[PDB]
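K.L.:
First the structure, then my questions, so here it is.
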Amino acid sequence: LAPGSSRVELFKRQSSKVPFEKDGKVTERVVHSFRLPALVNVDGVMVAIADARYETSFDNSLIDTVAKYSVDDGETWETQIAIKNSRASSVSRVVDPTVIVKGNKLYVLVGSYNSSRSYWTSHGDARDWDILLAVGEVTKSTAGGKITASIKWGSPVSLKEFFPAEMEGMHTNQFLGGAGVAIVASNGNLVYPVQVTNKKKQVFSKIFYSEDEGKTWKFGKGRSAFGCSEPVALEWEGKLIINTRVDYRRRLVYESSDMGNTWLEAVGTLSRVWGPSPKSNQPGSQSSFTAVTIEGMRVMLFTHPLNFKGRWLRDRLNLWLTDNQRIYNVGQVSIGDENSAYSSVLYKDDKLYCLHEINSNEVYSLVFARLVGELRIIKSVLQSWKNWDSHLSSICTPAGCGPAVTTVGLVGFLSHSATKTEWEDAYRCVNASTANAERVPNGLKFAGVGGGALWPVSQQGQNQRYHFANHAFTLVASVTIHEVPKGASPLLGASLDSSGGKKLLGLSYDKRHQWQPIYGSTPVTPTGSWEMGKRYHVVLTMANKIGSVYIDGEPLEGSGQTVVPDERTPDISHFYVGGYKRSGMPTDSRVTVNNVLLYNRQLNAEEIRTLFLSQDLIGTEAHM
Ligand SMILES: CC(=O)N[C@H]1[C@H]([C@H](O)[C@H](O)CO)OC(C(=O)O)=C[C@@H]1O
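This is the structure:
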């Protein structure tokens with residue numbers, strides 16, 4: 001982790017002690033491993049909840065739920081056991097503690113097991129399982145001229161009575177919380193995203209919520225796909241966003257406007273973006289996923305390990321920042337190549353913290369980190385986002410003023426800034442690589458075999474921030490052709506393969522001064538007319554499997570065709586700009602490209618016409 005940042009080993013493996021209560025007797029007991037961090041703020045007191053695995057890190061062993069709390073931002077802590085297991089056997093355990101804060105109360109939901117030695121999803125029945133809720137009340141005193149906190153943990157109550165034997169077809173077996181930190185919805189509901197099994201041993205996610213302060217609970221009727229576990233959720237613009245774990249696959253993300261009655265995959269923003277390993281073929285993880293306000297902008301924070309080592313090692317814990325449009329990698333929170341899987345991020349009084357695991361030889365500690373550097377970076381990126389959105393929106397468009414340039418769904422913008430080999434994203438998330446490029450105001454001039462710029466889509470590798478483009482996009486640019494080509498040459502497009510030979514949608518230009526719009530695999534029909542040196546406005550749109558190509562605000566003749574067979578979903582390799590950037594491709598595009606914009610939707614007619622009219626006003630050169 002970053003410059004200026006620091007940590008301590010707070011929950012220390014084989015060292016920290018907790019008050020182990022059995023049969024009315026308490027003994028300070030050393031704990032082998034601590035896992036499943038949840039870090040929250042209750043009325044100014046920081047509270048950290050986790051598993052205390054007494055003798056071993058094996059999942060199916062002796063576990064109580066431990067809590068530490070601090071009134072001085074983590075400088076000093078008191079320690080308690082928030083929830084004890086049944087003591088029925090040497091493997092009795094309360095597990096996957098999931099926390100909600102409302103007023104001065106901490107709602108903690110745990111699974112409770114008595115004697116099984118096997119993993120929960122493997123169970124053929126529910127005989128060893130219960131689902132419990134404990135409430136902790138947090139009070140503060142200023143006696144003695146100091147702040148003293150205390151937390152009184154009530155007895156756990158079983159919520160089993162609220163679990164229906166049947167759901168939309170299936171028969172239910174067990175459920176648990178998704179671990180970490182859940183929420184109170186804007187309407188006051190307590191909301192836990194939960195992981196549920198059926199008699200087929202399939203796992204799936206749902207919304208489990210209470211409209212009466214936790215006295216009664218209900219299930220939404222919809223669900224995730226099968227295979228989605230450990231769900232984590234936040235509320236964004238009136239809707240729940242449910243971020244799920246999928247072992248051996250990319251993470252799936254869903255939105256619901258009705259407490260889980262209906263679930264829609266968020267294909268246009270966050271779903272399938274985050275991979276659980278470099279090859280997305282290893283176990284997933286628990287993730288922190290919260291909505292916060294920083295310097296007045298509403299955003300989301302998300303953590304997940306990169307897992308270069310594989311299996312459940314889960315090294316290299318990374319933190320991400322997004323506004324539901326752009327997706328920025330803040331960086332690695334953990335240190336070196338240490339194993340570091342589960343985590344919890346907290347933003348309190350304009351300070352950022354992380355409670356996370358470190359794992360050596362299957363012995364786990366939780367470190368408590370002060371993310372000083374990470375918050376500095378975050379605030380710089382958010383400033384950049386605000387500044388450019390402000391710039392675009394402040395432009396008085398050719399009428409007094411016409412309609413504003415749209416920033417809604419604007420994800421990336423290539424304009425004046427660039428280096429010898431990169432065209433820089435003004436929004437700072439994804440740069441394009443270049444070859445044979447010369448800098449010019451608000452863009453690049455390209456020439457020669459192998460020339461052009463490449464804006465990676467699936468090529469981003471593990472984490473694919475532009476996976477929305479396989480469902481809808483609008484890509485815009487101003488282009489100027491300097492030489493008549495020998496035969497069709499490319500200007501702009503979306504490629505389905507690494508070379509650019511198989512295109513989803515694109516535009517090329519030919520020796521007869523015609524345009525060559527390319528609609529999927531359809532045979533190309535040249536059309537319209539172009540002139541050398543003239544600056545043209547180009548827009549490619551794709552939505553609902555149909556692509557269109559506009560020139561100067563006007564649809565090329567024949568635009569509006571099918572570019573995706575309704576069976577399949579595309580896997581776009583990259584966008585190419587100003588050529589293919591492939592030496593293996595024989596084309597030589599001699600062109601200047603300025604002001605490339607990528608939106609995560611199909612722009613409408615008015616929007617398209619406004620961008621056309623304000624071409625010469627949107628560049629970044631004059632304002633840095
Ligand atoms: C009850 C239980 O076994 N929980 C385990 C959990 C589980 O797999 C998931 O919460 C449900 O599918 O996974 C992990 C894990 O480090 O990957 C830690 C927990 O020990």
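In case it helps, the entry's author numbering puts the sequence shown at residues 1 to 399, 409 to 633.
By construction, the Cβ of each residue, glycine as well, lies at the ideal position given by its N, Cα and C atoms.
Just curious, the alpha helix (DSSP H) that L240 is in, first and last residue?
P.N.:
Counted from its first residue, the sequence shown places residue 240 at position 240. Segment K239 to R245 is the beta strand (DSSP E) holding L240; no alpha helix (DSSP H) there.
K.L.:
Could you pull out every residue in the same chain whose Cβ sits closer than 6 Å to the Cβ of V548, ignoring the five residues on either side in sequence?
P.N.:
Along the sequence shown, read from residue 1 onward, the residue named residue 548 stands at position 539. Answer for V548: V485, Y559 and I617, listed in chain order.
K.L.:
Can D625 be considered in contact with ligand 1, in the sense that its beta carbon sits closer than 8 Å to one or more heavy atoms?
P.N.:
In the sequence shown, the residue the question calls residue 625 occupies position 616. No.
K.L.:
What beta strand (DSSP E) runs, 3 residues minimum, are completely inside the segment 58-105?
P.N.:
Entirely contained in the segment 58-105, the beta strand (DSSP E) runs reaching 3 residues are, in chain order, 63-70, 78-83 and 93-102.
K.L.:
So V101 packs on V42, CB below 8 Å; how close in whole Å?
P.N.:
Locating residue 101 in the sequence shown gives position 101, counting from the first residue. Locating residue 42 in the sequence shown gives position 42, counting from the first residue. Yes, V101 and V42 are in contact; Cβ-Cβ is about 5 Å, under 8 Å.
K.L.:
Which term fits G421, buried or exposed, when burial requires 16 or more other beta carbons within 10 angstroms of its beta carbon?
P.N.:
In the sequence shown, the residue the question calls residue 421 occupies position 412. With 16 or more other Cβ atoms within 10 Å, it is buried.
K.L.:
Using beta-carbon positions only, say whether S271 and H476 come within less than 9 Å of one another.
P.N.:
By one-based count along the sequence shown, residue 271 stands at place 271. By one-based count along the sequence shown, residue 476 stands at place 467. Yes, the Cβ-Cβ distance between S271 and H476 is below 9 Å.
K.L.:
Would the segment 598-616 count as touching the segment 520-537 if we require 3 or more Cβ pairs under 8 Å?
P.N.:
No: the two stretches stay apart, fewer than three of their Cβ pairs being nearer than 8 Å.
K.L.:
Does the distance from the CB of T65 to the CB of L176 come in under 9 Å?
P.N.:
What you label residue 65 is simply residue 65 of the sequence shown in a count that begins at 1. What you label residue 176 is simply residue 176 of the sequence shown in a count that begins at 1. Contact flag unset, no.
K.L.:
Taking 6 Å as the limit between beta carbons, can you name the residues of its chain near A552, skipping five residues before and five after?
P.N.:
In the sequence shown, the residue the question calls residue 552 occupies position 543. Closer than 6 Å at Cβ, skipping near neighbours: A481 and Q611.
K.L.:
Between the Cα of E75 and those of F368, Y585, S582 and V573, spot the shortest distance and give me the residue it belongs to.
P.N.:
On the sequence shown, residue 75 is found 75 positions in, with the first residue counted as 1. Of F368, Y585, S582 and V573, the residue nearest in Cα terms is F368.
K.L.:
Is the distance from the Cβ of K199 to the Cβ of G222 below 9 Å?
P.N.:
For the purposes of this step, residue 199 is identified with residue 199 of the sequence shown, where counting begins at 1. For the purposes of this step, residue 222 is identified with residue 222 of the sequence shown, where counting begins at 1. Not closer than 9 Å, so no.
K.L.:
Could you name the residues that DSSP lists as bridge partners for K351?
P.N.:
Stepping through the sequence shown from its first residue, residue 351 is reached at position 351. The partner list for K351 (beta bridge, DSSP) reads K348.
K.L.:
CB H491 to CB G542, shorter than 9 Å?
P.N.:
Translated into the one-based positions of the sequence shown, residue 491 becomes position 482. Translated into the one-based positions of the sequence shown, residue 542 becomes position 533. Yes, the Cβ-Cβ distance between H491 and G542 is below 9 Å.
K.L.:
With DSSP as the reference, identify every bridge partner of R370, one or two as the case may be.
P.N.:
Numbered from 1 along the sequence shown, position 370 holds the residue referred to as residue 370. DSSP lists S6 and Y353 as partners of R370.
K.L.:
For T79, collect the residues of the same chain with a Cβ closer than 8 Å to its Cβ; drop the 5 residues on either side in sequence, then sort them by chain order.
P.N.:
As a first step, residue 79 is located in the sequence shown; it is residue number 79 there, counting from the start. Cβ within range, chain order: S16, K17, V18, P19, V66, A67 and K68.
K.L.:
If the criterion is Cβ atoms closer than 9 Å, does the pair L516 and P499 meet it?
P.N.:
On the sequence shown, residue 516 is found 507 positions in, with the first residue counted as 1. On the sequence shown, residue 499 is found 490 positions in, with the first residue counted as 1. Against a cut-off of 9 Å, the Cβ pair of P499 and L516 comes out as a contact.
K.L.:
Quick one: Cα of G214 to Cα of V181, how far?
P.N.:
Here residue 214 is taken as the residue at index 214 of the sequence shown, counted from 1. Here residue 181 is taken as the residue at index 181 of the sequence shown, counted from 1. Going by the C-alpha atoms only, they are around 16 Å apart.
K.L.:
Measuring CB to CB, does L36 end up less than 9 Å from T397?
P.N.:
The residue you call residue 36 lines up with position 36 of the sequence shown. The residue you call residue 397 lines up with position 397 of the sequence shown. No.
K.L.:
Thinking just about the alpha-carbon of each residue, which of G103, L132 and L106 is nearest to the one in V95?
P.N.:
To locate residue 95, count along the sequence shown from 1; it is residue 95. Answer by Cα proximity: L132.
K.L.:
Need the endpoints of the alpha helix (DSSP H) that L622 sits in, please.
P.N.:
By 1-based counting over the sequence shown, the position of residue 622 is 613. Per DSSP, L622 belongs to the alpha helix (DSSP H) from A614 to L622.
K.L.:
Any heavy atom of ligand 2 closer than 8 Å to the beta-carbon of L463?
P.N.:
In terms of ligand content, the structure shown lacks ligand 2 and carries ligand 1 instead.
K.L.:
Along the chain, where does the beta strand (DSSP E) that runs through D434 open and close?
P.N.:
Position 425 of the sequence shown holds residue 434. Its beta strand (DSSP E) spans residues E431 to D434.
K.L.:
Could I get the ranges of all uninterrupted alpha helix (DSSP H) runs contained in the segment 579-610, with 4 residues as the minimum, in chain order?
P.N.:
Runs found: none.
K.L.:
Please report the Cβ distance between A462 and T443, rounded to the nearest whole angstrom; I am assuming they are in contact, meaning their Cβ atoms lie under 8 Å.
P.N.:
Here residue 462 refers to the residue found at position 453 of the sequence shown. Here residue 443 refers to the residue found at position 434 of the sequence shown. With 8 Å as the limit, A462 and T443 qualify as a contact, their Cβ atoms being about 5 Å apart.
K.L.:
Between the C-alpha atoms of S598 and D519, what's the straight-line distance to the nearest angstrom?
P.N.:
Here residue 598 refers to the residue found at position 589 when the sequence shown is read from its first residue. Here residue 519 refers to the residue found at position 510 when the sequence shown is read from its first residue. Approximately 11 Å, taken between the alpha carbons.
K.L.:
Going by CA-CA distance only, name the one from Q202, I241, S277 and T571 that's closest to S229.
P.N.:
In the sequence shown, counting from the first residue as 1, residue 229 sits at position 229. Among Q202, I241, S277 and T571, the Cα nearest to that of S229 is on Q202.
K.L.:
Along the chain, where does the beta strand (DSSP E) containing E447 start, and where does it finish?
P.N.:
Counting from one through the sequence shown, the residue named residue 447 turns up at place 438. Per DSSP, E447 belongs to the beta strand (DSSP E) from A446 to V449.
K.L.:
By alpha-carbon positions, which one of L392, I378, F204 and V30 ends up nearest to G296?
P.N.:
Position 296 of the sequence shown, counted from the first residue, corresponds to residue 296. Among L392, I378, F204 and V30, the Cα nearest to that of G296 is on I378.
K.L.:
Under the rule that 16 or more other beta-carbon atoms within 10 Å means buried, what is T244, buried or exposed?
P.N.:
Within the sequence shown, the letter at position 244 stands for residue 244. By the neighbour-count rule (16 or more Cβ atoms within 10 Å), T244 is buried.
K.L.:
Less than 6 Å between C-beta atoms, sequence neighbours within five positions excluded: which residues of the same chain meet that for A456?
P.N.:
Numbered from 1 along the sequence shown, position 447 holds the residue referred to as residue 456. Excluding positions up to five away in sequence, the list reads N445 and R599.
K.L.:
Taking only the alpha-carbon atoms, compute the straight-line gap between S6 and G418 and give it to the nearest angstrom.
P.N.:
Start at 1 with the first residue of the sequence shown, and residue 6 comes out as number 6. Start at 1 with the first residue of the sequence shown, and residue 418 comes out as number 409. One C-alpha to the other measures close to 36 Å.
K.L.:
Quick one: grab the DSSP three-state call for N329.
P.N.:
Within the sequence shown, numbered from 1, the residue matching residue 329 stands at position 329. The answer is strand: DSSP assigns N329 an E or B state.
K.L.:
Round the Cβ separation of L106 and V47 to the nearest angstrom and send it over; I've been treating them as touching at under 8 Å.
P.N.:
Stepping through the sequence shown from its first residue, residue 106 is reached at position 106. Stepping through the sequence shown from its first residue, residue 47 is reached at position 47. Their Cβ separation, rounded to whole angstroms, is 6 Å, which keeps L106 and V47 in contact under 8 Å.
K.L.:
With which residues is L549 paired in a DSSP beta bridge?
P.N.:
As a working note, residue 549 is residue 540 in the sequence shown. Per DSSP, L484 and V558.
K.L.:
Apart from the five residues just before and just after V572, which ones in its own chain have a Cβ nearer than 8 Å to its Cβ?
P.N.:
Here residue 572 refers to the residue found at position 563 when the sequence shown is read from its first residue. Once the five neighbours on either side are set aside, the close Cβ partners of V572 are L513, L514, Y528, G529, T531, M551, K554, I555 and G556.
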